[PDB]
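Shown next, in structure tokens, is the structure this report addresses.
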Amino acid sequence: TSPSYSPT
Amino acid sequence: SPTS
Amino acid sequence: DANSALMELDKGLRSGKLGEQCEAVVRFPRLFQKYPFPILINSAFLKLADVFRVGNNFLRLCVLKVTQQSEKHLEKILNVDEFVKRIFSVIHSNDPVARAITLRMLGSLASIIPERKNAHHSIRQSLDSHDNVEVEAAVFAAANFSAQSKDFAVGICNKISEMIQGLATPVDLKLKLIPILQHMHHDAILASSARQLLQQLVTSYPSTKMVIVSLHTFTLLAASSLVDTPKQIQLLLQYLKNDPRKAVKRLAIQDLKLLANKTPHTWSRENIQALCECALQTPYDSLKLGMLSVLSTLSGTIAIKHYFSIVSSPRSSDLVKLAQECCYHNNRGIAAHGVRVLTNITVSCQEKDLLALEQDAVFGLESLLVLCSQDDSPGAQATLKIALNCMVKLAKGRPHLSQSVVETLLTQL
Amino acid sequence: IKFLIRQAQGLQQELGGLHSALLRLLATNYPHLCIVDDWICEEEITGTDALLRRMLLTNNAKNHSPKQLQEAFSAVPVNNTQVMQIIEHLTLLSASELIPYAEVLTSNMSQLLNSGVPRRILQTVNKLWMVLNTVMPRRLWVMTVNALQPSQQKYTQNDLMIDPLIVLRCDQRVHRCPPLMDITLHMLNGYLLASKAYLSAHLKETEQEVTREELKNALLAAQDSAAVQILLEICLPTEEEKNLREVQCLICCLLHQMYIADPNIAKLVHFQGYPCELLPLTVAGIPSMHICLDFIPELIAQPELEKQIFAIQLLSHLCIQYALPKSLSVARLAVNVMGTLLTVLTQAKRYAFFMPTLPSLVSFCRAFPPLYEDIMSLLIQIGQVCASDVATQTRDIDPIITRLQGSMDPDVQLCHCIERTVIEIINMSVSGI
Amino acid sequence: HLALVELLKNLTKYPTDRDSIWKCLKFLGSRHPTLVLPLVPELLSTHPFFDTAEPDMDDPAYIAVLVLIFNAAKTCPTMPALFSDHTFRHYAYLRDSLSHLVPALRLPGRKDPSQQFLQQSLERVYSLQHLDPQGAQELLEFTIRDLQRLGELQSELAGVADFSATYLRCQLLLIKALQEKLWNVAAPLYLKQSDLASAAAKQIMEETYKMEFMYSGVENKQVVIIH
Amino acid sequence: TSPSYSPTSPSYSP
Amino acid sequence: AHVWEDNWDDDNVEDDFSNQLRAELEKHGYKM
Amino acid sequence: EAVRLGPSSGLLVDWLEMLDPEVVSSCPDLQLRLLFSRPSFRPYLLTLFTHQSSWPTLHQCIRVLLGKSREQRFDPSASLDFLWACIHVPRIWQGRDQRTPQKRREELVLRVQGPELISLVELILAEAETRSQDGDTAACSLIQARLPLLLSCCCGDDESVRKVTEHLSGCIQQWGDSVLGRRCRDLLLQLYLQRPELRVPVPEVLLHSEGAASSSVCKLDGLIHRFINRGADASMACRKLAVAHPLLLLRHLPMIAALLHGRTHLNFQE
């Protein structure tokens, strides 16, 4: 369920 | 086109 | 209850898991064969077209197999334009597998949409695309549309002639491409053009693998469009006489059997005589067995009267000598077909000089009785049952030989 | 299981709900069984040419045997034609009788891998392998992998679901031979789906947690992504040439199916970045790529210099291929981003960022002659700022004198790159009608 | 240009006479091709650098403009280069579908046996008349289904084929009625329900009436054969 | 948006 | 075709009634 | 190669294929003599050689076929069709897009050398000069058929310049005028090359590459005339390309012939 880079 |  | 089953299957379709979606999709054909109600059929088919337009390609293959199974209810479909619009609308996808599946489904819908010009055009374009799996799916779809239409067939025969002369694609794809020409029995001029194409095809590709499918499609084409049966027969007799490939000669066997079984009255005296000369000049027992089976079928049919219709003695006719020598041949099946030919000709024709043939046939008959009586093989029992068919037919047709044949059967007892 | 499912597919009418229940269960637990390509290859053609060909050549074909095949195929460099004879009759054989022949072909593909064999023999082996794949897939995969290991530990089924990159541990000869590479691609795709199923089963078993589902998602994503990366490195031409086209076509097909199955993987592969030598051929090959214009703004907004360079080059070749107004908006954004980085970058990273992305500018200018004056303004600005750097610190080759027309200093190389790309824009626009 | 725009008004307002619309646009393009040449970029959207989206295939307005384009392109050769790729495959589809509305072009992508057989079969029956009643029955049945197949197969021989076929059916019916076992059984019985002869008589009379009147061309030789 | 239908292809209207 | 058409003596031809009789009487399997 | 056996030739073809797995293995000179010469199963064996010969063998065959040989030992139609099938092998074009290309984008070609290109054009012009019964019309049709492979195999300004400056002598059955009418499809801008074409003085009926730009410039001139930033081009660019190439505007003349018909609208023109 991670769709992108974590900090941004 | 679909409509000229 | 039927409606209840319908929307619970719809909920299974709307479920998240493609396993359960596959479950409901493959569950439809049971509902079709349970409830033949047409509104239910139409709504179920519309939901099928929706899920086929948006499914994950395994649902698409499942829907395809559902249609191919429950094909028989297709004729009671109302919203044909919407169904075809969805199923055809998923053909613009870039996935070659999805395009292949969609084309197979159009081949399945051939029973209800045989005139769709856009379907014709999409099939013809994907016929010369490069992606392999969609090329063979396009071949299958053409094989169905050419069966239930005519103008599509003339378009495809022109395209196929162009491709085969145009030399692209390997021999396996040529094998897949040939059997489309079986469905050319819609008109005589299409039949003649395809016939010229097939003669050119066999003369252009002397290969066994080419020739076998070419001859088999050519003969199904003639047997359907029965206008060039004499040309077909004389071409096959040419290839049985001339071509030294044993497998090709066995093709000629198993094809002349089909022609003899379908259209016996078209068989002519010169055809019979040529086949008889070939059966004399052959060296091989198996091919002689096949030709003798063909002559047995033709003798059982009416064509024996054609061969012995005057306006050359019957003894001078080459059939009788071959029949006698093969009935007294060593091999059991050859002897069985020889005594079949003898029994058929004896019961059928009644000329003055045939009494010697009657005596020869009955004596070779107890020869077959002793051979099959003390052979004890499955094929031996088959030839035995053949001989007993000869007995029943001979005794019923001619009551003259009855006491002799009964006492011979008692000696065998 | 697969063969029995095919028989149930045939005998659907008699069995009431069993076919439904079994096909649901396989679609629940064995997706690498219920992949689609094997089933369509099963569906085949009803041109009946296979059936007629079988019925009229199988006959008594002098009783070809696995031991005879083994003898001729161990003496294959002395005799290729007898082997090709035998496997011709084997392709004539059917799906059920092929099973005693599964041992020989797989375990002896090494001499096939040896150079000099004809690819008629290779494609015959490939078609027989498809048929054995539609009959008995799992042991076929095991023997194929354990015989395609390079010249030997013996992998097992559980080990292959654990680590499917072992499928990619094979010969560079396998990599450069076309149809065996197709066999490798099928095994790779199958074992990736199998790994998803096996981690599913192992996590549901080990429960005797939310971090465990997220760890499953992370491991699977990185897993197939690394598989994709290995496949692309295979597409890279080796140093030796400095067959390849067919290999690149097969890998492009497999990538196409993976991208259609999950476009998240396209996002992750493009965020990781792959060689830009591979970039244009993959652009030409993969058709389901133009989803990239959804996330190219994000990859531009990423803080890494290497990623921003990769995004700009990817956008360039996309705008060569498909010229959409969406792509034009993304290109305009990219040009303004490039101006911003020009405003903010120091000189060493200025070289390291502006050497690779200038053919991207000539790609932009080929795509969009509206987006043209912005390109020229940015080119003149990057030019004169690099010339000012050349002026700042002393040099030798002196582009200021060179005005009227190796391994040198970075700003020298950057000015030379800039004038070369201007030359390319002009020659392009002259010849381009 | 304005003739086109209000013709498209008419087609989108009364979507039934689109066939006459397409044929009159065809005749316009054939009558004068060279007038339309500057309109080719304008009438179909072909944005000078963009990839234009593929036009709809069966949209009647787009069909109406395409048929005019092709009838113009019959003579003037200076617009296959003006065409886009969708125009190429659409020319393929339109030439496939509407054969009498678009002509043949030069695009780079798209570069009496029956009567004799009928006579031969009939003379075969006529010659093979002198044989067993059983063999007569099978020969008659075979030739009946043969000529029926031919009547389905062709169109201009369908009438004569069906006429001779129903005549042979007539003859077979009478021969079956004669070969009925009623004649073998003695006279005073005549039990019941074996009167395939009587049903044959009714059917044969009805078929003779049908064969006389429903057909169009009959001459007195045929008529006296009927009688 | 439409990963498999390609941009230069007709839409589906309903 | 078979050897003799009016054959009452054949297994699969025979109907339900003396199929049941066959079951019973094969179970019995003797006559005094 | 020697015996003229009619029906047995199928058995011989099957056996030669069956015991020669690679088509060219032992006696390649004899194999090439059989496949190409100055029969009937030649298309079958050619298809097998096309789809069943390894890549180094194929490269060697192409080189030895298109190499310098004045003996004319190769069959022209079969040879060039073999080249065309080689560039259109479906295994090469397996999984990429089909039937949605870009026309400016040319993806892949087959590279040739100088003398190889010269031999290729000499042999195809020899086949064009054969003309048993085809005539000039079918000659032009066959030229149209065999020209895209020529564009692919050259794929270069240097090779195109060398080809167009290669012109034969003689005055009968030339067809150099045909290919120097095909230079417009080659899309060169050499007025010297157009000068041999102008001396040839033949009409244009085949598709021309710069036709879209020519129609664009002419319609721009007409549109600027009807409106009165386009007029400067609509005069200077069109007159420049007109004086550069005469035959292009000679072909495009009917469009400007049917243009300029507003005299009835403004006869007074005040």
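Letters A, B, ... go to the chains of the structure tokens in the order shown; residues in each chain start at 1; ligands are counted from 1 in the same order.
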
Show me, as a ChimeraX atom specification, the residues that have an atom within 12 Å of segment 149-153 of chain E when counting only C-alpha atoms, minus same-chain residues fewer than 4 positions from it.
/C:150,184-191,223-227 /E:113-115,117-118,121,142-145,157-166

Please report as a ChimeraX atom specification which residues of chain H come no farther than 12 Å from chain F, using only C-alpha atoms.
/H:97,99-102

For N, CA and C atoms, I'd like the residues from the last selection saved as a CSV table (one decimal), in the first residue's frame.
```
chain,number,residue,atom,x,y,z
H,97,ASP,N,4.9,-3.1,-31.2
H,97,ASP,CA,3.7,-2.6,-31.8
H,97,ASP,C,3.6,-2.9,-33.3
H,99,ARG,N,0.9,-1.9,-36.7
H,99,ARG,CA,-0.2,-1.2,-37.3
H,99,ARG,C,-0.6,0.0,-36.5
H,100,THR,N,0.3,0.5,-35.7
H,100,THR,CA,0.2,1.9,-35.2
H,100,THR,C,1.6,2.4,-35.2
H,101,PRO,N,2.2,2.7,-36.3
H,101,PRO,CA,3.6,3.3,-36.4
H,101,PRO,C,3.5,4.8,-36.5
H,102,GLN,N,4.7,5.4,-36.4
H,102,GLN,CA,4.9,6.8,-36.8
H,102,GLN,C,5.6,6.8,-38.1
```

Could you please write out, as an MDAnalysis selection string, every residue of segment 112-287 of chain D that DSSP assigns to alpha helix (DSSP H)?
chainID D and resid 112:113 119:135 137:148 157:162 172:176 178:206 210:235 244:261 263:272 278:285

Could you write out the selected residues, including C-alpha atoms, as a compact mmCIF listing (two decimals), in the first residue's frame?
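Result went into out.txt, see below:
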```txt
# COMPACT_ATOMS: atom_id res chain seq x y z
CA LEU D 112 21.41 -28.17 -27.43
CA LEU D 113 22.92 -25.09 -25.80
CA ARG D 119 16.89 -23.99 -34.54
CA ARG D 120 14.44 -26.32 -36.24
CA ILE D 121 15.61 -28.78 -33.58
CA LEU D 122 15.48 -25.95 -31.05
CA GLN D 123 11.90 -24.95 -31.95
CA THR D 124 10.83 -28.59 -31.97
CA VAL D 125 12.19 -28.85 -28.42
CA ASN D 126 10.37 -25.61 -27.57
CA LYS D 127 7.01 -26.86 -28.86
CA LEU D 128 7.40 -30.16 -27.03
CA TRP D 129 8.18 -28.17 -23.91
CA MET D 130 4.97 -26.19 -24.35
CA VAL D 131 3.01 -29.44 -24.61
CA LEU D 132 4.67 -30.86 -21.51
CA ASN D 133 3.93 -27.52 -19.84
CA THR D 134 0.23 -27.92 -20.52
CA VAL D 135 0.31 -31.50 -19.24
CA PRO D 137 4.08 -28.29 -15.42
CA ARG D 138 5.64 -28.54 -11.97
CA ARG D 139 8.07 -31.41 -12.36
CA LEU D 140 8.81 -30.05 -15.83
CA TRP D 141 9.88 -26.78 -14.25
CA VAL D 142 12.02 -28.60 -11.69
CA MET D 143 13.87 -30.70 -14.25
CA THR D 144 14.26 -27.73 -16.59
CA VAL D 145 15.84 -25.53 -13.92
CA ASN D 146 18.05 -28.29 -12.51
CA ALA D 147 19.28 -29.04 -16.02
CA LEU D 148 19.69 -25.38 -17.03
CA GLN D 157 10.24 -27.06 -5.69
CA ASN D 158 10.09 -25.26 -2.33
CA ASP D 159 13.46 -23.64 -2.99
CA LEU D 160 12.20 -22.39 -6.34
CA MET D 161 9.15 -20.78 -4.76
CA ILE D 162 11.45 -19.25 -2.15
CA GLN D 172 24.96 -16.52 -20.89
CA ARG D 173 24.56 -19.05 -23.70
CA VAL D 174 20.95 -19.41 -22.52
CA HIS D 175 20.74 -15.61 -22.54
CA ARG D 176 21.84 -15.43 -26.17
CA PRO D 178 16.33 -17.36 -28.43
CA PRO D 179 13.84 -20.19 -27.78
CA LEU D 180 15.45 -21.54 -24.63
CA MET D 181 15.24 -17.98 -23.38
CA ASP D 182 11.47 -18.18 -23.97
CA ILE D 183 11.39 -21.31 -21.83
CA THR D 184 13.29 -19.39 -19.16
CA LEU D 185 10.79 -16.54 -19.38
CA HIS D 186 7.84 -18.87 -18.82
CA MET D 187 9.52 -20.42 -15.79
CA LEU D 188 10.34 -16.96 -14.45
CA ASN D 189 6.81 -15.59 -14.73
CA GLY D 190 5.34 -18.77 -13.27
CA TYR D 191 7.65 -18.86 -10.30
CA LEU D 192 7.02 -15.19 -9.54
CA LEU D 193 3.30 -15.83 -9.20
CA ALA D 194 4.18 -18.99 -7.27
CA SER D 195 6.30 -16.95 -4.85
CA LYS D 196 3.34 -14.67 -4.19
CA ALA D 197 1.22 -17.72 -3.38
CA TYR D 198 3.90 -19.32 -1.22
CA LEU D 199 4.58 -16.24 0.90
CA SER D 200 0.80 -15.98 1.24
CA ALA D 201 0.59 -19.53 2.58
CA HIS D 202 3.64 -19.16 4.82
CA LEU D 203 2.38 -15.97 6.45
CA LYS D 204 -1.09 -17.42 6.98
CA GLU D 205 0.55 -20.50 8.49
CA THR D 206 3.01 -18.64 10.72
CA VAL D 210 0.07 -5.73 10.05
CA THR D 211 3.81 -5.29 9.62
CA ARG D 212 3.78 -8.84 8.24
CA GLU D 213 1.37 -7.95 5.43
CA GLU D 214 3.35 -4.81 4.66
CA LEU D 215 6.56 -6.86 4.67
CA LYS D 216 4.92 -9.28 2.24
CA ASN D 217 3.99 -6.40 -0.06
CA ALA D 218 7.48 -4.94 0.15
CA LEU D 219 9.21 -8.26 -0.49
CA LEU D 220 7.01 -9.14 -3.48
CA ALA D 221 7.36 -5.66 -4.99
CA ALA D 222 11.13 -5.64 -4.65
CA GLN D 223 11.12 -9.25 -5.82
CA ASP D 224 9.50 -8.93 -9.21
CA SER D 225 11.20 -5.54 -9.59
CA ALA D 226 14.62 -7.15 -9.21
CA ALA D 227 13.51 -9.82 -11.68
CA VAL D 228 12.67 -7.06 -14.16
CA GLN D 229 16.07 -5.46 -13.56
CA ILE D 230 17.87 -8.73 -14.29
CA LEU D 231 15.87 -9.14 -17.49
CA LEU D 232 16.84 -5.65 -18.63
CA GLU D 233 20.52 -6.33 -17.90
CA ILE D 234 20.11 -9.36 -20.13
CA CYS D 235 18.79 -7.03 -22.84
CA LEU D 244 19.99 -10.18 -29.61
CA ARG D 245 16.93 -8.68 -31.30
CA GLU D 246 14.79 -11.77 -30.75
CA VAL D 247 15.90 -11.98 -27.12
CA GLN D 248 14.98 -8.33 -26.61
CA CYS D 249 11.60 -9.00 -28.21
CA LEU D 250 10.86 -11.87 -25.83
CA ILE D 251 11.86 -9.87 -22.77
CA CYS D 252 9.76 -6.96 -24.01
CA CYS D 253 6.75 -9.30 -24.28
CA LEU D 254 7.21 -10.56 -20.72
CA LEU D 255 7.65 -7.00 -19.43
CA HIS D 256 4.48 -6.04 -21.27
CA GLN D 257 2.50 -8.72 -19.45
CA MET D 258 3.97 -7.74 -16.09
CA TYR D 259 3.20 -4.06 -16.68
CA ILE D 260 -0.39 -4.82 -17.67
CA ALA D 261 -0.81 -7.03 -14.61
CA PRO D 263 1.46 -0.78 -13.18
CA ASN D 264 2.85 -0.22 -9.67
CA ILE D 265 5.82 -2.23 -10.88
CA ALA D 266 6.36 0.20 -13.73
CA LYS D 267 6.48 2.97 -11.13
CA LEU D 268 8.98 1.16 -8.96
CA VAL D 269 11.22 0.07 -11.84
CA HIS D 270 11.29 3.60 -13.17
CA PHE D 271 12.08 5.02 -9.72
CA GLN D 272 14.96 2.60 -9.41
CA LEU D 278 18.16 -0.03 -22.59
CA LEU D 279 15.76 2.89 -22.45
CA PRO D 280 15.04 3.50 -26.20
CA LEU D 281 14.70 -0.13 -27.23
CA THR D 282 12.36 -0.74 -24.31
CA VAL D 283 10.44 2.37 -25.36
CA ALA D 284 10.03 0.92 -28.85
CA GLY D 285 9.16 -2.53 -27.55
```

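The space between atom CA of residue 315 of chain D and atom CA of residue 294 of chain D spans 11.3 Å.
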
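Note that atom CA of residue 433 of chain D and atom CA of residue 332 of chain D are 23.5 Å apart.
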
As a CSV table (one decimal) with N, CA and C atoms, in the first residue's frame, could you give me every residue of chain C near chain G (at most 12 Å apart, counting only C-alpha atoms)?
```csv
chain,number,residue,atom,x,y,z
C,381,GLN,N,-11.6,-62.4,-35.7
C,381,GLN,CA,-13.0,-62.5,-35.4
C,381,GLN,C,-13.7,-61.4,-36.2
C,382,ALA,N,-13.1,-60.2,-36.4
C,382,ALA,CA,-13.7,-59.2,-37.2
C,382,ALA,C,-13.9,-59.7,-38.6
C,383,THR,N,-12.8,-60.3,-39.2
C,383,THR,CA,-13.0,-60.9,-40.6
C,383,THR,C,-14.0,-62.0,-40.6
C,384,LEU,N,-14.1,-62.8,-39.5
C,384,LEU,CA,-15.1,-63.8,-39.4
C,384,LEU,C,-16.5,-63.3,-39.5
C,385,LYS,N,-16.7,-62.2,-38.7
C,385,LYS,CA,-18.1,-61.6,-38.7
C,385,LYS,C,-18.4,-61.0,-40.1
C,386,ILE,N,-17.3,-60.5,-40.8
C,386,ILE,CA,-17.5,-60.1,-42.2
C,386,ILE,C,-17.9,-61.2,-43.1
C,387,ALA,N,-17.2,-62.4,-42.9
C,387,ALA,CA,-17.6,-63.6,-43.7
C,387,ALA,C,-19.0,-64.0,-43.4
C,388,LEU,N,-19.5,-63.8,-42.2
C,388,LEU,CA,-20.8,-64.3,-41.9
C,388,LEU,C,-21.9,-63.3,-42.4
C,389,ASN,N,-21.5,-62.0,-42.5
C,389,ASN,CA,-22.3,-61.0,-43.2
C,389,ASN,C,-22.4,-61.5,-44.7
C,390,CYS,N,-21.3,-61.9,-45.3
C,390,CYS,CA,-21.3,-62.4,-46.6
C,390,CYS,C,-22.3,-63.6,-46.8
C,391,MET,N,-22.2,-64.5,-45.8
C,391,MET,CA,-23.2,-65.7,-45.8
C,391,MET,C,-24.6,-65.2,-45.8
C,392,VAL,N,-25.0,-64.4,-44.8
C,392,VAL,CA,-26.4,-64.0,-44.7
C,392,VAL,C,-26.9,-63.3,-46.0
C,393,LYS,N,-26.1,-62.4,-46.5
C,393,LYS,CA,-26.4,-61.7,-47.7
C,393,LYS,C,-26.5,-62.6,-48.9
```

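Note that the spacing between atom CA of residue 63 of chain E and atom CA of residue 115 of chain C amounts to 18.4 Å.
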
Selection: 9 Å around residue 156 of chain C, only C-alpha atoms, excl. self and same-chain fewer than 2 positions, as an NGL selection string:
:C and (124 or 142 or 146 or 151-154 or 158-161 or 180-181)

File dump, residues just selected, N, CA, C and O atoms, as a PDB file, in the first residue's frame:
```
ATOM      1  N   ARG C 124      -9.411  -9.771 -40.776  1.00  0.00           N
ATOM      2  CA  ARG C 124      -8.489  -9.761 -41.902  1.00  0.00           C
ATOM      3  C   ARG C 124      -7.192  -9.020 -41.598  1.00  0.00           C
ATOM      4  O   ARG C 124      -6.136  -9.425 -42.087  1.00  0.00           O
ATOM      5  N   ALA C 142     -11.424 -16.820 -38.748  1.00  0.00           N
ATOM      6  CA  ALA C 142     -11.742 -16.889 -40.166  1.00  0.00           C
ATOM      7  C   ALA C 142     -12.369 -18.224 -40.529  1.00  0.00           C
ATOM      8  O   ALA C 142     -13.284 -18.267 -41.354  1.00  0.00           O
ATOM      9  N   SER C 146     -15.992 -17.919 -42.300  1.00  0.00           N
ATOM     10  CA  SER C 146     -16.090 -18.456 -43.648  1.00  0.00           C
ATOM     11  C   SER C 146     -17.089 -19.594 -43.745  1.00  0.00           C
ATOM     12  O   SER C 146     -17.611 -19.844 -44.834  1.00  0.00           O
ATOM     13  N   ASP C 151     -19.460 -13.588 -48.572  1.00  0.00           N
ATOM     14  CA  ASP C 151     -18.597 -12.502 -49.021  1.00  0.00           C
ATOM     15  C   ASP C 151     -17.306 -12.453 -48.218  1.00  0.00           C
ATOM     16  O   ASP C 151     -16.235 -12.136 -48.757  1.00  0.00           O
ATOM     17  N   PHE C 152     -17.386 -12.769 -46.931  1.00  0.00           N
ATOM     18  CA  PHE C 152     -16.166 -12.918 -46.159  1.00  0.00           C
ATOM     19  C   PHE C 152     -15.317 -14.048 -46.712  1.00  0.00           C
ATOM     20  O   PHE C 152     -14.091 -13.951 -46.726  1.00  0.00           O
ATOM     21  N   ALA C 153     -15.954 -15.106 -47.216  1.00  0.00           N
ATOM     22  CA  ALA C 153     -15.191 -16.206 -47.786  1.00  0.00           C
ATOM     23  C   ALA C 153     -14.462 -15.779 -49.051  1.00  0.00           C
ATOM     24  O   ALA C 153     -13.320 -16.192 -49.272  1.00  0.00           O
ATOM     25  N   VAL C 154     -15.093 -14.954 -49.895  1.00  0.00           N
ATOM     26  CA  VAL C 154     -14.372 -14.554 -51.108  1.00  0.00           C
ATOM     27  C   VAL C 154     -13.245 -13.573 -50.773  1.00  0.00           C
ATOM     28  O   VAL C 154     -12.149 -13.640 -51.365  1.00  0.00           O
ATOM     29  N   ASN C 158      -9.190 -14.552 -51.564  1.00  0.00           N
ATOM     30  CA  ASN C 158      -8.229 -13.658 -52.206  1.00  0.00           C
ATOM     31  C   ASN C 158      -7.027 -13.390 -51.303  1.00  0.00           C
ATOM     32  O   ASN C 158      -5.876 -13.457 -51.758  1.00  0.00           O
ATOM     33  N   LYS C 159      -7.274 -13.123 -50.016  1.00  0.00           N
ATOM     34  CA  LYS C 159      -6.179 -12.838 -49.086  1.00  0.00           C
ATOM     35  C   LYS C 159      -5.274 -14.050 -48.886  1.00  0.00           C
ATOM     36  O   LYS C 159      -4.050 -13.911 -48.801  1.00  0.00           O
ATOM     37  N   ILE C 160      -5.856 -15.242 -48.810  1.00  0.00           N
ATOM     38  CA  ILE C 160      -5.082 -16.458 -48.621  1.00  0.00           C
ATOM     39  C   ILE C 160      -4.236 -16.759 -49.844  1.00  0.00           C
ATOM     40  O   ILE C 160      -3.068 -17.147 -49.720  1.00  0.00           O
ATOM     41  N   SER C 161      -4.808 -16.597 -51.040  1.00  0.00           N
ATOM     42  CA  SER C 161      -4.027 -16.773 -52.258  1.00  0.00           C
ATOM     43  C   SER C 161      -2.857 -15.805 -52.294  1.00  0.00           C
ATOM     44  O   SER C 161      -1.720 -16.200 -52.597  1.00  0.00           O
ATOM     45  N   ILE C 180      -8.951 -23.280 -44.284  1.00  0.00           N
ATOM     46  CA  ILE C 180     -10.029 -22.315 -44.454  1.00  0.00           C
ATOM     47  C   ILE C 180     -10.797 -22.609 -45.733  1.00  0.00           C
ATOM     48  O   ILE C 180     -12.005 -22.359 -45.825  1.00  0.00           O
ATOM     49  N   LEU C 181     -10.125 -23.184 -46.726  1.00  0.00           N
ATOM     50  CA  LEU C 181     -10.744 -23.422 -48.022  1.00  0.00           C
ATOM     51  C   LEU C 181     -11.724 -24.581 -48.047  1.00  0.00           C
ATOM     52  O   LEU C 181     -12.202 -24.948 -49.123  1.00  0.00           O
TER      53      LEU C 181
END
```
